[PDB]
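A.B. asks: Generate a structure from the sequence data that follows.
(chains A, B, C, D, E and F, ligands or ions: 4)
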Amino acid sequence: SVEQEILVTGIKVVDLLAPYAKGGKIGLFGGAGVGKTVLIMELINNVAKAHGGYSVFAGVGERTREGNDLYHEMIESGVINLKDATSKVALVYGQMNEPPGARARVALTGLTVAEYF
Amino acid sequence: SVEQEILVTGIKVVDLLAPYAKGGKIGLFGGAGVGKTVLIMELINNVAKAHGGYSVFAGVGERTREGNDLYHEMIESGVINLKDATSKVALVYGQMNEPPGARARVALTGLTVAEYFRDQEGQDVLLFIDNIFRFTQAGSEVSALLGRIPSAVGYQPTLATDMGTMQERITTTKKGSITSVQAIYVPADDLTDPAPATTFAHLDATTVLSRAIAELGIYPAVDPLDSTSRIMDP
Amino acid sequence: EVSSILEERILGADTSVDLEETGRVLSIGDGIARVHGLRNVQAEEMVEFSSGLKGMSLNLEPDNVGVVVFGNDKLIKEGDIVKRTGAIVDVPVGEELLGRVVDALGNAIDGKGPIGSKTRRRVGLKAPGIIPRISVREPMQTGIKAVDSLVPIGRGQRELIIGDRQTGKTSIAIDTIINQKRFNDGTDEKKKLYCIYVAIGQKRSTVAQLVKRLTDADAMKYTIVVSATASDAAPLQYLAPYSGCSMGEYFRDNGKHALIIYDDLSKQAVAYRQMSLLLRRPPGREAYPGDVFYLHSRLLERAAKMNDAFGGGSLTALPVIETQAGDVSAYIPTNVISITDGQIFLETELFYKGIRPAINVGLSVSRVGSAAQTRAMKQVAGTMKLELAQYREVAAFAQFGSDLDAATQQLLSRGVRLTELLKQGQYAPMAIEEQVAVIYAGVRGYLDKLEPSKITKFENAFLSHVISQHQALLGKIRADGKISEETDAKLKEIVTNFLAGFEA
Amino acid sequence: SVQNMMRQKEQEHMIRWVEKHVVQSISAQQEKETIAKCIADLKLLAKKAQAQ
Amino acid sequence: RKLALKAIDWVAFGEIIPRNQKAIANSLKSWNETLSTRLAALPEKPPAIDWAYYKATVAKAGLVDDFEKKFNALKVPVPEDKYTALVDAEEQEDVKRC
Amino acid sequence: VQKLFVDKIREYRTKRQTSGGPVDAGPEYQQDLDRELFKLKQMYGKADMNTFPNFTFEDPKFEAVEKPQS
Ligand SMILES: Nc1ncnc2c1ncn2[C@@H]1O[C@H](COP(=O)(O)OP(=O)(O)OP(=O)(O)O)[C@@H](O)[C@H]1O
Ligand SMILES: Nc1ncnc2c1ncn2[C@@H]1O[C@H](COP(=O)(O)OP(=O)(O)O)[C@@H](O)[C@H]1O
Ligand SMILES: [Mg+2]
Ligand SMILES: [Mg+2]
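C.D. replies: Residues are numbered from 1 along each chain as shown, chains lettered A, B, ... in the order given. Ligands and ions are numbered 1, 2, ... in the order given. Take a look:
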């Protein structure tokens, strides 16, 4: 692309002061206890409403205990669905107890799926 | 053996905050030139003449002068006797002029004589070792010619295995008891060096000396907020 | 009848002949044998030499095979015969091990007798996936007033005990074994706990003092101790963490609950580095190999909270890590921090200032949060955590403060008196119903007139009162789980009756 | 603690006599060696029929 | 065994009001809390004495069973109750004076 | 290996035929376990072989005081 273009996600603090370029890379500072996994689950929902584009989640060397709660937190918020074909994400989980060659290619497997759409 | 006691010495810093024990391994830490050889010369003065059984002094990798100020401070006190068969101290010496294959088998020769008295006889034995950092260092010199990749800051890869193979013979069993005092050189005042910071698992009472106390004039410079014991117990 | 049992064993012995797949020895040195032959050995397969020692083949090279030795290499001469067993390493496991002392390979070292375990289990198994797990909800009771108030532990969480030398890291994990006696002699089957203790590279006299401490408190009838000491060979301090999870997964697989303590994991990365650099593997940062993260991750991920379709079992893991000069930014103190959930950071400065156990609650966290506390403990400690955190902001004004606001003088007044409730002697673990009562006496405001030196004497007086004279209130917080409005008034006149006539 | 401790003292002293006394008794049984070869191969005749 | 109850030690029993002697009344409640925990330390019934396993495990006979025959048919006389009546006697005179 | 097996069973029965007890121990095993048990009985307790214990205890003298009220 030969031009910059702003991606709108609906949130008032994001789309006004630190807006998101279309195609760019975004860095999310902050960890546990701050309310991060809600901001993940809500940017999935708004792009599928205002823009119509799905998402991929790639867990690079992530904990099994914390990669199980995100499965059940998405079920109880509607963005993934066990009954029909109205899901909005695909999960790629290369967990932490795997050999060190298998934790480096997960961010490539989770980018192939994003290149199909 | 499992029983614990208290062995009284007569030093005010030692008996108050970090008491020593009969049949327990004792360590004397600290840098260079703070008093490890004098404090280990004090416990031969107090403890070794009031003691019933025998005593063994192994000197590993220290100045050859100071093995003559022990042979001449133990004739004039009658502990070594040159005329009859009433002496109470043996001596084993490998000093810092020897090749480095001979500063790493002297400490195994000290606690072989001291294993005869505990096992084949039944007496209460003492054992004084100074220095014991020169057992680790003298094995870090023959290492690279034997074909071994070095570990962290320059020691051998088998550092904490042959240390733990010598330090498991200096124990109190059900056939005797070995009190043991050891001086441990700490290189350039850093207790995070891999040679002094792995001997901590083999010691009951640690007496950390310090240069920040000794430069005030407080002698013996023993750190009170860094010395522990296993019997500080109400 | 001593002659009869000896004649009994030798007729019951099996003297049968078999085949083998042997191979001669090329060069033995420093505990790494090179064997020529053995054309059908799997990786990490146990072999055994001609003298009697056993060996685990780690390097499968083209012209030879590198096999570590479970012993000392003075019995291995060049030109021996290395037979094949044909199986990966396996440990005995079951109920019969409860109350015994074992080494890293399941032999008996306490001299009572051999293990009668009928089952056998590998040490190289995998963790359960994402589906057989469920979120952690039940409490694991430690018995320390500062742990259960501010940094709780659920039944399936991994919690790291990190700190320097000589600050009570072993003592925190030795009264957690003692505290589970009150459930382990009762009737409620889903509240019992089983403890395992792994000693990695300590001297034999220290382990002989710790078994006697757990024999005195009658807490060696539900505990196993796996001892790989300092004198034992370099690979036996590598198997011994993986020889304890295989005994703590038999209780998870069969609907029971468990606990395991690695003391300590910073002496396993050292006993594994020596095996690497003698097998000529490429080094890395601080001469550790490239896979020391893969060594600790697949040991801690075996701790899981199973769900009801698989049995409902659990496994709780407490690893101990020794830092050097309080630098957690080293290699191994940053691997195990990023794997586990929360840390308990014991300092050395607070140990000599009077705070014992010296838990720093400024740097200690737990990311299961308040979802592992009971309803009684959650209600009072939610304000205590906020009250203590406001005190640590204004701790630097205490040394010269008299010209401050009355709110700031109040914030100092509650912070000192809440601290004295957190101190606790050794080998005295409490109950959760007695813990919530002492916190309730402090967080309400019933202590701001008592002198700060008397808060310890008031507490030992008050606890012995409510055990004998208010036993029927500490059965309606233990069984209820929550603290109601009826018990809120009933506890309210109790601490007002005791505080009125106290000083005598 | 006296009846069961002292039993282990002669349990170990029992085997301390035998294993030093077996090797002085089988050293002269060369007349037993001529059947020891003749009994070994019939087990090998039983053994080589297993893989075949 | 035998165990009798008591009354409420709530308001009156710690307010005996001597000549500024609240310390003596405070010591009176301190003995009730100490003895009730010592009664909670030990149960009413002690452990049972297995006799049949004593004969086989201690099978050097005679000296083992003779102590077990003399200590089995023994009796434990508890202490006297001479001070139990005189302390209760002064309560009868003071209640007539109250 | 059964002919080797019964050769072991023979030497166990000649070890059963004893008249002086420890033949190979001598004074070494006799001075050991006699001193080992006495070092353990000093940690165990000074109790006789057949003396059954019997004693009595004295309870506290329940005294009284005076307090003039009404
Ligand atoms: N709550 C406590 N109050 C007072 N003293 C304690 C307490 N807990 C432990 N100690 C004392 O601290 C000393 C050392 O504690 P401990 O051995 O548990 O520390 P550690 O760091 O685990 O030891 P190591 O460095 O050998 O692993 C012991 O002598 C013990 O008596
Ligand atoms: N009793 C003492 N108290 C304080 N310092 C001492 C004492 N005795 C010796 N020293 C000091 O310790 C220094 C080194 O003594 P020494 O113990 O022989 O050496 P090192 O401890 O290095 O082996 C000397 O310079 C001396 O001044
Ligand atoms: Mg010196
Ligand atoms: Mg410890």
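A.B. asks: Tell me which residue in chain D sits closest to ligand 1.
C.D. replies: Of all residues in chain D, the one sitting closest to ligand 1 is residue D:1 (30.9 Å; C-beta to the nearest ligand atom). For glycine as for every other residue, the C-beta is placed from the backbone atoms N, C-alpha and C.
A.B. asks: In space, what's closest to that residue - neighbours in sequence excluded?
C.D. replies: residue F:44 (7.3 Å; C-beta to C-beta, 6 or more residues apart in numbering or on different chains).
A.B. asks: Pull up the gap between the one you found and chain B, please.
C.D. replies: Distance, residue F:44 to chain B, by C-beta to the nearest C-beta, to the nearest Å: 13 Å.
A.B. asks: residues in chain E within reach of chain F, list them.
C.D. replies: Within reach of chain F by C-beta under 8 Å from any C-beta of the partner chain, chain E has these residues: E:16-19, E:21, E:24, E:62-64, E:66-68, E:70-71, E:74, E:77, E:79-80, E:83-84, E:86-87, E:90, E:94, E:97-98.
A.B. asks: returning to that earlier point: and the residue of chain D closest to ligand 1, that one's in a strand?
C.D. replies: No: secondary structure assignment (DSSP: H, G, I helix; E, B strand; the rest coil) places residue D:1 in coil, not in a strand.
A.B. asks: quick one: the strands in chain A?
C.D. replies: Taking DSSP state E to define them, one finds strands in chain A at A:6-7, A:20-21, A:55-62, A:89-95.
A.B. asks: Could you dump the ones you listed into a markdown table with mean neighbour count and distance to residue C:181 added?
C.D. replies: Below are the strands of chain A laid out as a markdown table (neighbours: other C-beta atoms under 10 Å in any protein chain shown; distance: least, C-beta to C-beta, whole Å):
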| stretch | mean neighbour count | distance to residue C:181 |
| --- | --- | --- |
| strand A:6-7 | 14 | 60 |
| strand A:20-21 | 13 | 58 |
| strand A:55-62 | 18 | 38 |
| strand A:89-95 | 18 | 37 |
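A.B. asks: Pipe those into JSON lines and attach distance to chain D per row.
C.D. replies: What follows is the strands of chain A, written out as JSON lines (distance: least, C-beta to the nearest C-beta, whole Å):
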{"stretch": "strand A:6-7", "distance to chain D": "72"}
{"stretch": "strand A:20-21", "distance to chain D": "72"}
{"stretch": "strand A:55-62", "distance to chain D": "49"}
{"stretch": "strand A:89-95", "distance to chain D": "45"}
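A.B. asks: Out of those strands, which gets nearest to residue C:29?
C.D. replies: Set against residue C:29 and scored by C-beta to C-beta, the strands of chain A come closest in strand A:55-62, at 37.6 Å.
A.B. asks: And the next helix or strand past the longest helix anywhere in chain E?
C.D. replies: Counting by DSSP state H, the longest helix found in chain E is helix E:22-41. Where DSSP states H and E defines the elements, the next helix or strand beyond helix E:22-41 is helix E:52-57.
A.B. asks: Just to be sure, which of the residues of chain E next to chain F are found in helices?
C.D. replies: Under the assignment DSSP H, the residues of chain E next to chain F contribute E:24, E:63-64, E:66-68, E:70, E:83-84, E:86-87, E:90, E:94, E:97 to helices.
A.B. asks: Which two among those are spaced furthest apart?
C.D. replies: Farthest pair in these (C-beta to C-beta) is E:63 and E:97. Separation: 63.5 Å.
A.B. asks: neighbour count winner among those two?
C.D. replies: Using other C-beta atoms under 10 Å in any protein chain shown as the criterion, residue E:63 and residue E:97 rank with residue E:63 on top: 13 against 8.
A.B. asks: so how far is residue D:7 from the more buried one?
C.D. replies: Residue E:63 sits at a distance of 19 Å from residue D:7 (criterion: C-beta to C-beta, to the nearest Å).
A.B. asks: now residue C:142
C.D. replies: In terms of C-beta to C-beta, residue C:142 sits 43 Å off from residue D:7.
A.B. asks: Tell me how many other residues surround the closest residue to residue C:29 other than its chain neighbours.
C.D. replies: Nearest-residue entry for residue C:29: residue C:73, 7.2 Å, with adjacent residues in sequence omitted and distances by C-beta to C-beta, 6+ apart. Each residue near residue C:73 was counted by other C-beta under 10 Å, and the total is 16.
A.B. asks: gap between the residue in chain A that chain C sits nearest to and residue F:7?
C.D. replies: Closest approach between chain A and chain C, counting by C-beta to the nearest C-beta: residue A:97, at 4.0 Å. Plainly put, residue A:97 is 55 Å away from residue F:7 if you go by C-beta to C-beta.
A.B. asks: now swap in residue C:159 and tell me
C.D. replies: On the measure of C-beta to C-beta, residue C:159 and residue F:7 end up 60 Å apart.
A.B. asks: residues contacting the closest residue to chain A within the stretch 301-450 of chain C?
C.D. replies: Closest contact between the stretch 301-450 of chain C and chain A, by C-beta to the nearest C-beta, is at residue C:301 (4.0 Å). Contacts for residue C:301 (C-beta atoms under 8 Å, 6 or more residues apart in numbering or on different chains) come out as A:63, A:64, A:95, A:96, A:97, C:127, C:339.
A.B. asks: May I have the phi/psi pair for it?
C.D. replies: phi -80, psi -10 (degrees, to the nearest 10).
A.B. asks: In chain E, which residue sits nearest chain A?
C.D. replies: For chain E, C-beta to the nearest C-beta, closest residue to chain A: residue E:40, 42.7 Å.
A.B. asks: Compute the number of surrounding residues for that residue.
C.D. replies: Counted with other C-beta under 10 Å, the neighbours of residue E:40 add up to 11.
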